[PDB]
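Every number here is computed from the coordinates shown, using simple stated rules; none is lab data. Methodologically, a virtual Cβ is constructed for each residue, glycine included, from the backbone with ideal geometry; neighbour enumeration extends over all protein chains shown.
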Amino acid sequence: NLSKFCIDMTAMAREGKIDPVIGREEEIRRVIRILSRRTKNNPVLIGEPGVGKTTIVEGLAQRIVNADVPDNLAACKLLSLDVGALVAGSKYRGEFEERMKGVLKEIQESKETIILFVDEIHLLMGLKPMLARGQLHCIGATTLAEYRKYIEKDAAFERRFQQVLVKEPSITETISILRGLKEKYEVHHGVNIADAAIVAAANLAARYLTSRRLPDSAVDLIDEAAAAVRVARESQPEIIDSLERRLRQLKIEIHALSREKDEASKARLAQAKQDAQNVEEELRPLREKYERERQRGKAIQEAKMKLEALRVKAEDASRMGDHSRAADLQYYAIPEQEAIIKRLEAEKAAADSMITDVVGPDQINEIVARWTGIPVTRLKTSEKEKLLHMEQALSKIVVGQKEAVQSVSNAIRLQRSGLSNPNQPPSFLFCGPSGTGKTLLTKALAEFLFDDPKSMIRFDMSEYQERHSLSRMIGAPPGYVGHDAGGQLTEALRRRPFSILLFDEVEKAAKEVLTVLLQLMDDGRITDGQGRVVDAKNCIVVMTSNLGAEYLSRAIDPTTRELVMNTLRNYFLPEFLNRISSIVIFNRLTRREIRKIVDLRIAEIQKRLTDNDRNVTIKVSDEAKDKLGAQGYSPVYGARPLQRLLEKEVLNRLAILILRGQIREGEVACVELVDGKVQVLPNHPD
Amino acid sequence: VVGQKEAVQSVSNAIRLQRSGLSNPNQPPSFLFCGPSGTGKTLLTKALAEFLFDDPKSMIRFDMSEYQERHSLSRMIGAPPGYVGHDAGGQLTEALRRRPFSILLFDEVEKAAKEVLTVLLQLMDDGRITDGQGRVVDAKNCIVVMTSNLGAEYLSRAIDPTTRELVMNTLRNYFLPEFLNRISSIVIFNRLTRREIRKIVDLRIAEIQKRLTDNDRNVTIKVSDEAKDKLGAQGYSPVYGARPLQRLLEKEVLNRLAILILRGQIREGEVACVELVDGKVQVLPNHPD
Ligand SMILES: Nc1ncnc2c1ncn2[C@@H]1O[C@H](COP(=O)(O)OP(=O)(O)O)[C@@H](O)[C@H]1O
Ligand SMILES: Nc1ncnc2c1ncn2[C@@H]1O[C@H](COP(=O)(O)OP(=O)(O)O)[C@@H](O)[C@H]1O
Ligand SMILES: Nc1ncnc2c1ncn2[C@@H]1O[C@H](COP(=O)(O)OP(=O)(O)O)[C@@H](O)[C@H]1O
């Protein structure tokens, strides 16, 4: 029998082997409704990895055994085909075909009405279960991209399925899932889980673990924290460790001192016995309280496990009409058990760091820090603290755009405090000359909000200038130009919801593409090429332009404000400009502002020198710093030429002199203005 | 929409005339909104969209500032094969095919090229238009709203009936009499009074109050009378009407109200009192830092 490749999900439901399903009621109704059709009655779940496609099928198994299904599905055996163990457990040989025909024909013959679930069904499309006589009912699962690239390219097979879009849960929806799962993961690892950790896991998974989708990214995070405390609780506390070792040390010293015959040894041998006794007097109360209390936390955890097992037997008794055994458990066994837990737990808090058996926000922040590589100190700081000094944090990166930094900071504060439309993402149009900070501010925002430059995604509107390019942005219907690649924007929103979308040189976008941005800015959601609406409530929109550099001379001025804004009113329609949260204007950088930018860059070069072994300190004379700022600025490219200019004039020679030994450890690399050209001079002749 | 009772009654009566079957079934309801900027012309059209179709997307906006020259007509209806914008089609004709039950808003209609106006008259008179390739597209089930401000000169803050034909004679030279005659209702917006401007302020804090309630926060915004007065005085403009009001509240009240909330100086269950201190609107903390 080819039960080697399938697991009975309906069986697992009767045995309490399926963790609870939270929410997702409308999706399970859709699956039931599709299955009950006679038309195309095979649902295919379409969603990103980890959004909960499988647990939807698991909920259906729970509904089949609980009679919460229509009659046509009540006596169904819902089987899950292990396609992973099928294609990987096989080679090019004819065993893939032979193995699947075997299972497909065991389904054929036996007389249970059987619904086959195949997760990652695209792996079966590179095979032919055309048993659509009404022999088998199938539930498929895959991602949207793989549905497009592998399932959508065999229409005849596809048309017998009906899409069910499974969107990613909100953070709020995610904690409801984690809260509902809380007790299962408590009893499983034998530890306790605080609610603030659950809120921490959901909020942090969405913000920093952008590589995996909710709620899986939050589930994996709590599960790893719990496993990290499963070993902490089975280890002696730190103070019992330290005490026990000094005690063993003093016992060594006592045996040794008792051998030496002299006046000073005997006076401290007696002191060593006392020090040993003092340690033992501090250690015995503690070591006793620890074991006393780890033995009870373990007695509680099995008390919880027999309770759960009783409820499985009780649910199955009442399901099978055995009222005799169902009365045993529901009225006597289970409340006798529940009374044992109530008493053992009540004394637990009453007994009363030590015995770490709790998943707290610290354990979540530490687990994430190891995975994400961000220092734990940066994850403990409250969002409210950062946002209150946001202008401070950005101004360390962006010079001379105080009016811009204030606008970005105020808009973000408006949304975490709940005063902005919750269906509209913050939207920005940066306007001003090249090399003034428009892109840089957006990078600083990315690293401030998500502590990662990757959190921003860049779209260059120079590549979306014609009406033909819209399919590149959102995708295309089947059989069209770029149906399979999808859209750049739509695919970015599905896989990186908490992102900053930078649209560079937005003035060049085709009017059809601008229309998509207005939908993004107004409704917080867009429609892809196939009518599907993808969500975007949790992104940030930054658009950059330079249509105002004509009226900005190096000097911010308020009369110049509407000459650039009237230049904007003809390129963009008034409804476009009205739906932008803040139209922000960058002015040209002054000579002093250009000079601090130079100090910023030497500070970074100074950091790499310090980050490596070298104790070389870069100091810049005033007039040399002045020539760098004069050679660096350009009325056309702003501060862009500055990074390369320093490299060419200062850094090239500074390298050579370091490796030549003409600037040694502990000395200063003095960069001067000699004969009107910036140079850095040696400190020792060759 | 505050302070445009004569306008709301006109829109309401015209719609009632057509669901009850007393208006021409081949003519869509057509409106020309006339009056100063920021008086409610666009807003009333949005409210109509959300009232009739419970969706702001049910309206489609055409800015006549982008149809000022005779060349622009092909943008409106399309072009014969091989011409300028044959493939993009027309904005109006493509909108009517794909969104028949729509509200078509033509903003600043006074600036449309006379050829484009001709298309609107066909839309208003026959309920159908001809695209660039002679094809006739149907439009029996749409609504036409046109906005203008050619009458703001003769409307001081006070609606008055002698002022009615000074704005309507200003309309008679920009638009031909057959154009004006085929419009279901020529509706005039007057300037908003000081009390009307004040309820608009209460409307906007009510929306900010809703988002606060819609999120977790039990912070209640109350506005003193004189602070509410300064907001309405700083907000109104004889040129931009009530447009500066939304940003003014954001700049003076909402920016600080955010900071104080995240600082904990206005906590759950308390009131954000917005006052007039030293002649400038501010919202004060309830607890020192
Ligand atoms: N509605 C839900 N209720 C409880 N747990 C859920 C829910 N949705 C997802 N999960 C959890 O998320 C994790 C991965 O979900 P899963 O259904 O395997 O995602 P997918 O199958 O879409 O890759 C599982 O550990 C599961 O327990
Ligand atoms: N205001 C500024 N503060 C600091 N550096 C700046 C500033 N403006 C420009 N730069 C430098 O110039 C480079 C490019 O600037 P950027 O902001 O990308 O120009 P744009 O305004 O065209 O987006 C950045 O890497 C940065 O080093
Ligand atoms: N009568 C009014 N009632 C309420 N709000 C108004 C009124 N008039 C103007 N506003 C405010 O001003 C903004 C712009 O008004 P709008 O009606 O677009 O001006 P216009 O008359 O130029 O179309 C609206 O978003 C609205 O908040």
Tell me whether the stretch A:581-603 contains one or more residues that are surrounded by fewer than 20 Cβ atoms within 10 Å (Cβ to Cβ) and within 14 Å of another protein chain (Cβ to nearest Cβ). yes
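Confirm whether B:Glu110 is within 12 Å of chain A (Cβ to nearest Cβ), assigned to a helix (DSSP H, G or I), of a type in the set (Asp, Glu) and surrounded by fewer than 18 Cβ atoms within 10 Å (Cβ to Cβ). If you could, list the steps in order and put the result at the bottom.
Numbers: within 12 Å of chain A (Cβ to nearest Cβ): no; assigned to a helix (DSSP H, G or I): yes; of a type in the set (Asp, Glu): yes; surrounded by fewer than 18 Cβ atoms within 10 Å (Cβ to Cβ): yes.
For B:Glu110, the condition - within 12 Å of chain A (Cβ to nearest Cβ), assigned to a helix (DSSP H, G or I), of a type in the set (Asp, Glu) and surrounded by fewer than 18 Cβ atoms within 10 Å (Cβ to Cβ) - is not met.
I need a count of the residues in the stretch A:168-216 that are of a type in the set (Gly, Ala, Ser) and surrounded by fewer than 23 Cβ atoms within 10 Å (Cβ to Cβ).
In the first step, residues of the stretch A:168-216 are kept if they are of a type in the set (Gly, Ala, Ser); the result is A:170, A:176, A:180, A:190, A:194, A:196-197, A:200-202, A:205-206, A:211.
Add one more test, that the residue is surrounded by fewer than 23 Cβ atoms within 10 Å (Cβ to Cβ), and what stays is A:170, A:176, A:180, A:190, A:194, A:196, A:206, A:211.
Looking only at that region, the number is 8.
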How many residues does the stretch A:32-72 contain that are in a helix (DSSP H, G or I), within 16 Å of ligand 1 (Cβ to nearest atom) and either in contact with a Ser or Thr (Cβ under 8 Å, 6 or more places away or on another chain) or under 21 Å from A:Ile151 (Cα atoms) (or both)? 5
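Among the listed residues B:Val187, B:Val167, B:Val145, identify the single one that is β-branched (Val, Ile, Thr), within 28 Å of B:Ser74 (Cα to Cα) and not in a loop (DSSP other than H, G, I, E, B).
On the way: B:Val187 fails: within 28 Å of B:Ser74 (Cα to Cα); B:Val167 fails: within 28 Å of B:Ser74 (Cα to Cα).
So the residue among B:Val187, B:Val167, B:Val145 that is β-branched (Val, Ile, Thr), within 28 Å of B:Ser74 (Cα to Cα) and not in a loop (DSSP other than H, G, I, E, B) is B:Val145.
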Regarding B:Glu153, is this residue at negative phi, away from chain A (no Cβ under 14 Å), more than 22 Å from the chain's Cα centre (by Cα) and acidic (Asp, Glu)? no
Scan of the stretch A:121-160 for residues that are in contact with a strand residue (DSSP E or B) (Cβ under 6 Å, 6 or more places away or on another chain) and under 25 Å from A:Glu48 (Cα atoms), ordered by number: A:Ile121, A:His122, A:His137, A:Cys138, A:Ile139, A:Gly140, A:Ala141, A:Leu144, A:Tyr147, A:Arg160
For A:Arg561, indicate whether it is surrounded by 14 or more Cβ atoms within 10 Å (Cβ to Cβ) and of a type in the set (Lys, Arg). yes
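Matching residues to (1) β-branched (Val, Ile, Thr); (2) within 16 Å of ligand 1 (Cβ to nearest atom); (3) within 30 Å of A:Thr54 (Cβ to Cβ):
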{"position": "A:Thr210", "(1), (2), (3)": "yes, no, yes"}
{"position": "A:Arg213", "(1), (2), (3)": "no, yes, yes"}
{"position": "A:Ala228", "(1), (2), (3)": "no, no, yes"}
{"position": "A:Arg233", "(1), (2), (3)": "no, no, no"}
{"position": "A:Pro237", "(1), (2), (3)": "no, no, no"}
{"position": "A:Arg246", "(1), (2), (3)": "no, no, no"}
{"position": "A:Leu257", "(1), (2), (3)": "no, no, no"}
{"position": "A:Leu269", "(1), (2), (3)": "no, no, no"}
{"position": "A:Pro285", "(1), (2), (3)": "no, no, no"}
I'd like the full set of residues that are out of contact with any helix residue (DSSP H, G or I) (no Cβ under 6 Å at 6 or more places or on another chain), away from ligand 3 (no atom under 11 Å from the Cβ) and under 21 Å from B:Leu212 (Cβ atoms), limited to the stretch B:233-253. B:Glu250, B:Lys251, B:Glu252, B:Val253
Among helices (runs of 4 or more DSSP H) entirely within the stretch B:192-289, at least 3 residues that are within 14 Å of chain A (Cβ to nearest Cβ) occur in B:194-214, B:244-249, B:255-263
Select the helices (runs of 4 or more DSSP H) contained entirely in the stretch A:609-686, then report the ones holding at least 3 residues which are over 19 Å from A:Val598 (Cβ atoms). A:652-660
Select, from B:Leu96, B:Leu120, B:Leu73, the only residue that is touching a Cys at 6+ places or on another chain (Cβ under 8 Å), away from every other protein chain (no Cβ under 14 Å) and not small (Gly, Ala, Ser). B:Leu96
Please go through the stretch A:421-449 and pick out each residue that is more than 16 Å from ligand 3 (Cβ to nearest atom), assigned to a loop (DSSP other than H, G, I, E, B), surrounded by fewer than 19 Cβ atoms within 10 Å (Cβ to Cβ) and under 22 Å from the mean Cα position of the chain (by Cα). A:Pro422, A:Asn423
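Filter the strands (runs of 3 or more DSSP E) completely within the stretch A:464-570 down to those with at least 1 residues that are among the polar types (S, T, N, Q) and either closer than 24 Å to A:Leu445 by Cβ or out of contact with any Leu (no Cβ under 9 Å at 6 or more places or on another chain) (or both). It would help to see each step written out before you state the result.
Details: elements: A:500-504, A:525-527, A:533-535, A:540-545.
By residue number, A:525-527, A:540-545.
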The conditions are (1) surrounded by fewer than 18 Cβ atoms within 10 Å (Cβ to Cβ); (2) more than 29 Å from the chain's Cα centre (by Cα); (3) within 14 Å of another protein chain (Cβ to nearest Cβ); (4) of a type outside the set (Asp, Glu), and A:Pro478 fails exactly one of them. Which is it? (3)
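Take the stretch B:217-258 and flag every residue that is of a type in the set (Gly, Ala, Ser) and surrounded by 13 or more Cβ atoms within 10 Å (Cβ to Cβ). Full working, then the answer.
Step one: filter the stretch B:217-258 for residues of a type in the set (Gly, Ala, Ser), giving B:224, B:227, B:232-233, B:235, B:237, B:241-242, B:258.
Within the stretch B:217-258, B:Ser224, B:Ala227, B:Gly232, B:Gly235, B:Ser237, B:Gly241, B:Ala242, B:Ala258 qualify.
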